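Shown here is one chain on its own, the form deposited in one PDB entry, set out as structure tokens.
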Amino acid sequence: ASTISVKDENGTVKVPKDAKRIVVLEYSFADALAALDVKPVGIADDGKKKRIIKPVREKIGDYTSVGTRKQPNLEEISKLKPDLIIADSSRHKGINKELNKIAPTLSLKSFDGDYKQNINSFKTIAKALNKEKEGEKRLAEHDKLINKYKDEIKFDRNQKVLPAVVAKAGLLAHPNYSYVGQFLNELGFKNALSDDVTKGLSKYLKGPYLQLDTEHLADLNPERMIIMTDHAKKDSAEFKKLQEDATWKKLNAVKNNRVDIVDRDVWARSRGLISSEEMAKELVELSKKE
């Protein structure tokens, strides 16, 4: 058993050179494998096939679900007898000992990674699979496409942007150091949540995100909002109440048609090469509307 030594979030892992059958426990890792022409044998897909973004899903084809990302089914992982498991370094600390009894296990950032950290996880996966050159090629293509979309996005970058999900009668905002915040910065946007602004709102943190009620949204008054919702729907009971709010109606972004509702699976959950390309393409399209 010859191996390739790579670094992951727990130290060194010796990955077998004959690793071909791989179980992945986050969506971004499925994207990584598809980009490298590898079809995972198992995916933690939350029992929801549509959570795997379409071009990735269609390239991989048939696979076995191993359950939720929160609580993967280790009997189903065992039964697959994989060569390698790719686990999330935040979600899967508790199951790590059990996963290592089944197969060599890489522990990589996805859930608590920003945009650059997710691309770093892609690089580690490529190296682990003896596909370093293929990964370099793919990332050069990705970067060229992202910068082409950047130049086609017509929006005025002086209009500061707030990315968020809907929660608890307000918005649960993704700050400038989140995956989405950092990606928007890569596209030349200015996040409304500057470091100074976020410092002055920190009593409202809920883990990685900032809970903004309408009073605090009114004070921030970002010129643009991107609101990520399941299925890109805007008619949830929660989001409808938020809008009957007198303060919401006076917001600059609302008065001027600069609130866009986008798909949460693509924008928040996927964290892949294909999904980030799709986010950028969507911004081009929105910017070219009448």
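Don't overthink the numbering: it's just position in the shown sequence, from 1. Here, rigid core means the biggest group of C-alpha atoms that superpose within 1.5 Å across both forms. Only residues modelled in both forms are compared.
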Read off the CA B-factors in the entry, average them over 103-111 and over 193-201, and name the higher stretch.
-> 193-201
Assert higher mean C-alpha B factor (156-164 or 203-211, deposited values) equals 203-211
Of the residues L242, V56, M225, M228, the one whose Cα carries the largest B-factor in the deposited record is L242
Would you mind finding, among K249, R69, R258, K233, the residue with the largest C-alpha temperature factor in the entry?
-> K249
For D46, the third of its chain by CA B-factor is the middle
Assert third(CA B-factor, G94) within chain per record equals middle
For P16, the third of its chain into which the C-alpha B factor falls = highest
Split the chain's modelled residues into thirds by Cα B-factor; is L145 in the lowest, middle or highest one?
-> middle
Assert third(CA B-factor, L286) within chain per record equals middle
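Just so it is clear, the following notes concern the form deposited with a small molecule bound, a form of the same protein that is not shown.
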Taking 4.5 angstroms as the cut-off for heavy atoms, does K79 touch the small molecule in the deposited bound form?
-> no
Looking in the deposited bound form, any heavy atom of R224 within 4.5 Å of the small molecule?
-> no
Would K234 sit within 4.5 Å of the small molecule in the deposited bound form, counting heavy atoms only?
-> no
Contact between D31 and the small molecule in the deposited bound form at 4.5 Å, heavy atoms?
-> no
Interface check vs the small molecule in the deposited bound form: of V165, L139, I146, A218, the one with a heavy atom inside 4.5 Å is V165
Out of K39, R264, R57, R258, which one falls within 4.5 Å of the small molecule in the deposited bound form, going by heavy atoms?
-> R264
Which of these stretches, 130-138, 67-75, 116-124, 191-199, has heavy atoms within 4.5 Å of the small molecule in the deposited bound form?
-> 67-75
Honest question, do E26, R91 and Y209 all end up within 4.5 Å of the small molecule in the deposited bound form by heavy atom distance?
-> yes
Core-referenced shifts between the shown form and the other one - contiguous stretches of at least three, CA at least 2 Å | 167-171, 196-219, 231-235
